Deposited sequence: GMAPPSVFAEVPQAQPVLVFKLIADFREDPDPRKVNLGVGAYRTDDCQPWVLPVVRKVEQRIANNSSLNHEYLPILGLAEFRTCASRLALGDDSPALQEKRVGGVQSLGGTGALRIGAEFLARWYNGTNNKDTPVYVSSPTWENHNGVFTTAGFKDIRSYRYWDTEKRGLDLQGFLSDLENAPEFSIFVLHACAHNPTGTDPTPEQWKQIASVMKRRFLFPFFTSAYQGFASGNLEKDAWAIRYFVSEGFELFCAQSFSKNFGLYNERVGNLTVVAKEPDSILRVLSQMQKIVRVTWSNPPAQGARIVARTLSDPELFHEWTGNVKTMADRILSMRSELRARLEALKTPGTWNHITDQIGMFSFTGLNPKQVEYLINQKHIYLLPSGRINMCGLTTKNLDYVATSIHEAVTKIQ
């Protein structure tokens, strides 16, 4: 002994698995390597893609010397908030016409989820009620648990969702978990392109889900991270949110522009709030301002400026919808091709889930022991859950992946 560090007992936090997987993919010398663990759009040449419309808008911003760097309002750039909420709800939304919608610019979809969770933990179902159950899908994006736990919720639960046998939605289990949820429980719902499985309810299934939630006063907290990106069409991909609005729900929707604009690193999100009346929006927003203030003070400008300009200009909007469909069509192509080649190899089991699923992520139905084969033997990198990113498939590796998967079903 000779003063002790105030950090002497701080533990090393747990190694998250996906980041070491992409690291292990990079260490691999094998020239057959394929990374199906990526979590962002990639071209047929395995490259990131800045959207043409984004490049165009970035040039217009750079050429506009009148733009300053003064703080945005706490709740964000007004034109961005309006355009983002209109994108989710539709231009002609009655909720917008009736002035009962609010929008809070946020730091990606994550920031929107966090602001909403903080609000609910303080002002929903009582004051400072940390006991309201929060239900997330089984499985879901793992940061869902972390966000709601950090907001103080003590009772995080899951609803049945992925059926490992049918390779699809366990609707009966989901409905039963809704029926058994205490009234006023919060449900975190993927608006489309469920992450990580890719399996979405059909509109008819959504109507059954909404019916139970309406009867039991369950709160819909939608996450919309893939609007337009998922199917190629922004209107189709927002239908479930808009259906809940038309059924009279009050709800939150955490929107991300990370994927559909490719603006991952500019942290562009929006929390849309739908209430019964305009006065409630004013009071809710006043509390969300306090929450934002003590978290990031006010939000950054560059990404929200890009989105606002694109969505406000019909010519740019049309160009953007084309760029979005290009991404969705490449994914739809990889799904169609993978299924066709797996069926051409006569691979055991059914494979229609590969094309029934929606978005960039797919639960393939492979088991962990089959996963380790693809990694160790064939250098195809994917998660133990069997999740793949379809953007890791290309015209050049599709045959290798499909044959390796066929070997990974018949031999292992």
Stretches with no C-alpha position, numbering per deposited sequence from 1
3, 414
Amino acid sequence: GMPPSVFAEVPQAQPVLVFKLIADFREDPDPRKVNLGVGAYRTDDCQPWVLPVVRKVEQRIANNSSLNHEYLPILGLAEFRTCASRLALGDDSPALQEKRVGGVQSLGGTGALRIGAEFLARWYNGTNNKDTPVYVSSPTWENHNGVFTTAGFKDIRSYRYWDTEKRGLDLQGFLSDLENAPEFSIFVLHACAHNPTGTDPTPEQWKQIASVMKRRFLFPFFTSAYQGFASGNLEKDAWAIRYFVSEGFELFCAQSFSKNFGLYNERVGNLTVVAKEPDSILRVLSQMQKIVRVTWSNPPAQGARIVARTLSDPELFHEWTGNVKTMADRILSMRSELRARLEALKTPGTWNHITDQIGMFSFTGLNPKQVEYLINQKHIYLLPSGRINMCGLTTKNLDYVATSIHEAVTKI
From here on, numbers count along this sequence of modelled residues.
Could you check the entry and say whether 214 to 222 or 308 to 316 has the higher mean CA B-factor?
308 to 316
Going by the average Cα B-factor in the PDB entry, point out whether 319 to 327 or 281 to 289 comes out higher.
319 to 327
According to the Cα B-factor stored in this entry, which of the following is highest: 54, 382, 40, 62?
382
Between 160, 166, 99, 242, which carries the biggest CA temperature factor in the record?
166
Could you look up the Cα B-factor of residue 303 in the entry and say which third of the chain it sits in: lowest, middle or highest?
lowest
Ordered by C-alpha B-factor within the chain, which third holds residue 340? Give me lowest, middle or highest, please.
highest
If you rank the chain by CA B-factor, which third does residue 58 end up in: lowest, middle or highest?
middle
Residue 237 - Cα temperature factor, lowest/middle/highest third of chain
middle
Residue 266: CA temperature factor from the record, placed by chain third, in the lowest
